[PDB]
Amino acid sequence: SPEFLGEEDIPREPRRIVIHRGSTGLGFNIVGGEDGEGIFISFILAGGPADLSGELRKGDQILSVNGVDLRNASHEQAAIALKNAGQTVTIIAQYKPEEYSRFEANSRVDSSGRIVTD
């Protein structure tokens, strides 16, 4: 009778995430930023501010930071925007695992929307 989360669809609507990180790193990696292809989270550091928020995951597209639209950002300017966003960082994110999966070898999306790497 357990109720497993792993079969519930991951929400695909945009979300607001507010991370308070003072003057430390946010604790995640981004990929993308080839010509408007999107900026995606590829890795969240265990114990970092992004992990502690509990509200971001690999495969999230970063739509904006502090009101600055990053949908069509280059990866380096995205990184600059994130690193210079200040102590309070307001991210709009949207889970886009299909688009993310193009970047990571042998990765695909299962029926709940989770990214699987074989």
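Start at 1 with the first residue shown and count on from there.
Novice: Comparing average C-alpha B factors as deposited, tell me which of 34 to 42 and 89 to 97 sits higher.
Specialist: Of 89 to 97 and 34 to 42, the stretch with the higher C-alpha B-factor average is 34 to 42.
Novice: Per the entry, where is the mean C-alpha temperature factor higher: 10 to 18 or 106 to 114?
Specialist: According to the PDB entry, the answer is 106 to 114.
Novice: Among the choices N29, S74, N66, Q61, identify the one whose CA B-factor in the record is greatest.
Specialist: So the option with the highest C-alpha B-factor is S74.
Novice: Pull the Cα B-factor of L70 out of the PDB entry and bin it into the chain's lowest, middle or highest third.
Specialist: For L70, the deposited C-alpha B-factor lands in the lowest third.
Novice: If you rank every modelled residue in this chain by C-alpha B factor, which third holds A79: lowest, middle or highest?
Specialist: Middle third.
Novice: What third of its chain's C-alpha B-factors does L56 belong to: lowest, middle or highest?
Specialist: Bottom third by C-alpha B-factor.
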